[PDB]
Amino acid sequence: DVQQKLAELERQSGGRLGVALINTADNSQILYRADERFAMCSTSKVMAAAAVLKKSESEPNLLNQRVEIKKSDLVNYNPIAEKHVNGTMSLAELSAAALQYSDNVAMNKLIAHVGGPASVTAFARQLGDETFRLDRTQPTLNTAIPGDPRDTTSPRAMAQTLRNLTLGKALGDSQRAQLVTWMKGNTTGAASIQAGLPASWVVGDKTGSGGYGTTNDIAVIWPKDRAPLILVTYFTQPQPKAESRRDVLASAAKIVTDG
């Protein structure tokens, strides 16, 4: 029945929907197009921040390292970085800005620090994620052209990797806690997965959006008095200038968590 409901939602939406839910209560999954590729857009900021956190495990004062912000760093969406032009921000501050405001300059500084998109991808491989690929920097990584494998992953792979990062042992205890704290403080996700869950549930999530009306969210969820869940909801549309559809992600979240 969950499968029929997701198929009906996809049909009504007019687009292509990818869902992966991991329920850690019983080690089960709910999957819909979960092995297809989707453009990650800003959901890839989780992997970039995690790569910096991993690097910090052998470089204690890494997160305090200062990074210059210049006019030449500005890209298309810079809500935090635009306030710090001609000063510096720490790597911790850049991580928080990327994860909690979806700041694209912040993402680019995390990418650059670790060596570029191929280094973020190599980190994913080291974790056992052989699907994720980060090809480009901001702002071009969210073009989300149908058929283009650049800057894509699958729902299954991203759910499994997010579980490892937030609930598993990819990161040391301090670094895992820091990632979870950052994601729980996200400001951009209230209309996405969160909108399909009861108000009492606790969520750490990262949204993304891009061309072709691409609208994404990945989340770790602590339901009231239950074992945690991991949920990836990816969505993309046929028209280049399609509008956002955060409501589709909320609907998918409601379908897969009902009962």
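We number the residues from 1 along the sequence you see.
Q: Taking the mean of the C-alpha B-factors per stretch from the entry, tell me the winner out of 74-82 and 184-192.
A: Higher of the two, by average CA B-factor, is 74-82.
Q: Determine, for stretches 59-67 and 196-204, which one has the higher mean CA B-factor as deposited.
A: 59-67 has the higher mean C-alpha B-factor.
Q: Checking the record values for 27, 214, 233, 43, which has the greatest CA B factor?
A: Most elevated C-alpha B-factor of the set, per the entry: 27.
Q: Using the temperature factors in the entry, find which of 128, 146, 117, 155 has the highest value at its Cα atom.
A: If I rank 128, 146, 117, 155 by C-alpha B-factor, first place goes to 146.
Q: In terms of the chain's CA B-factor thirds, is residue 140 lowest, middle or highest?
A: Middle third, going by the recorded CA B-factors of the chain.
Q: Pull the Cα B-factor of residue 88 out of the PDB entry and bin it into the chain's lowest, middle or highest third.
A: Tercile = highest for this residue's CA B-factor.
Q: Place residue 9 in the lowest, middle or highest third of its chain's C-alpha B-factors, as listed in the PDB entry.
A: CA B-factor rank for residue 9: highest third.
Q: Could you say whether, by C-alpha temperature factor, residue 18 belongs to the lowest, middle or highest third of its chain?
A: Lowest third, going by the recorded CA B-factors of the chain.
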